[PDB]
Amino acid sequence: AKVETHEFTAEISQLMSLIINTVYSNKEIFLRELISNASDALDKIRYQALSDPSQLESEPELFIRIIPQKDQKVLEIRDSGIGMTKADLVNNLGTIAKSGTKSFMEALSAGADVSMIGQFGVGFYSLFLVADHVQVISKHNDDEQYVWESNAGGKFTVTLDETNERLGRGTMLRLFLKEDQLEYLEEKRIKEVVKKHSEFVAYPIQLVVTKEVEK
Ligand SMILES: Nc1nc2sc(C(=O)NC3CCN(C[C@@](O)(Cn4cncn4)c4ccc(F)cc4F)CC3)cc2n(-c2ccc3c(c2)N(c2ccccc2)CCO3)c1=O
């Protein structure tokens with residue numbers, strides 16, 4: 001019931017420093033990668049639910065939700081997919097992620113762009129193009145809610161979630177944007193990116209916008 005600190009394998013840590021310092025334009029592709037991961041997670045609970053339709057009871061709705069938090073300079077990406085267990089918060093960044101990270105690093109050395117990260121299965125880490133820090137909140141039907149946190153360094157933490165909204169089921173990525181990357185808190189900006197790169201998504205992409213009620 002405490003804060004469990006871990007170290008990244010050199011491969012994961014290696015990719016994060018590259019992306020976070022990268023001065024590459026076209027930073028906007030991070031959102032395509034995260035939406036694709038959200039859709040994959042929803043595919044899995046929808047598939048699991050096809051036989052046992054009661055795995056959906058923890059959150060009956062299947063959605064992708066984007067929440068700008070302007071005062072916090074935070075952007076949240078939430079899904080009601082299958083979710084990740086505490087085991088996964090420390091054992092979903094390995095195996096498929098161990099291979100995909102190391103081979104992607106070698107492709108980058110050969111000349112590959114960060115736009116290709118997704119075809120190596122590690123598109124998650126493209127968030128560091130725009131964020132210098134991230135928390136990942138997740139809730140799997142067969143486990144409690146947990147929080148994963150990293151600031152692109154070799155160390156990340158995992159903590160039982162006693163402070164965030166209850167997800168019901170699924171995952172929410174909390175991106176702490178950089179000061180030069182705050183454009184991605186704006187409704188018009190998010191619409192453009194989603195419509196350009198995420199046209200073929202089987203689930204509703206909901207955008208939560210906060211607006212002052214005018215005179
Ligand atoms: N929004 C996101 N949502 C989802 S859901 C998800 C996922 O992989 N799997 C769930 C969990 C359980 N598994 C296995 C199984 O069923 C197998 N089993 C054992 N027994 C019987 N069956 C099972 C069941 C119950 C159980 F207790 C244990 C188990 F193993 C299948 C369904 C990944 C993501 N990612 C994501 C995508 C790509 C990524 C990452 C994150 N990275 C990441 C990872 C962690 C933290 C930070 C970043 C990094 C780079 O790449 C999202 O962004």
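Whatever order the structure lists ligands and atoms in, that order sets their numbers, starting from 1. In what follows, residues are counted from 1 in the order of the sequence shown.
Using cut-offs of 30° and 60° on the angle between ring planes, the pair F128 and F124 is perpendicular.
Within 6.0 Å of atom CD in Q48, more than 12 heavy atoms from other residues, nucleotides or ligands are found, so the atom counts as buried in its surroundings.
The side chain of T85, and not its backbone, has at least one atom closer than 4.0 Å to an atom of ligand 1 (non-hydrogen atoms only; side chain from C-beta on).
Listed by number with element, the atoms of ligand 1 under 4.0 Å from a non-hydrogen atom of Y125 are 49 (C), 50 (C). Applying the 4.0 Å criterion to heavy atoms of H140 picks out, from ligand 1, the atoms 11 (C), 12 (C), 24 (C), 25 (C). Every atom of ligand 1 is numbered from 1 in the order shown, and the set under 4.0 Å from a heavy atom of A41 is 3 (N), 4 (C), 5 (S). The atoms of ligand 1 that sit less than 4.0 Å from any heavy atom of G121 are 51 (O). Heavy-atom contacts of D88 reach the following atoms of ligand 1: 11 (C), 12 (C), 45 (C) (cutoff under 4.0 Å).
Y146 and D88 are not linked by any side-chain donor-acceptor pair at a separation below 3.5 angstrom, with hydrogens and angles left out of the test.
Closest heavy-atom contact between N141 and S58: OD1-OG, 2.5 Å. Nearest heavy-atom pair across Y184 and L75 is O-CD1, 3.5 Å.
A salt bridge links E187 with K191: the closest approach of a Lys/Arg side-chain nitrogen to an acidic carboxylate oxygen falls below 4.0 angstrom.
Residue contacts with ligand 1 include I82, since one of its heavy atoms falls under 4.0 Å from the ligand. Residue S138 places every heavy atom at 4.0 Å or more from ligand 1.
Residue-to-ligand polar distances place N92 within reach of ligand 1: an N/O pair is separated by less than 3.5 Å. Taking only nitrogen or oxygen atoms, main chain and side chain alike, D79 reaches within less than 3.5 Å of ligand 1.
Put simply, the side chain of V130 does not reach to within 4.5 Å of the side chain of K178, judged on heavy atoms.
Taken to the nearest 0.5 Å, the CZ atom of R174 stands 9.5 Å off from the CD1 atom of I67.
Of all the listed residues (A97, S126, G83), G83 holds the heavy atom that lies closest to atom 11 (C) of ligand 1.
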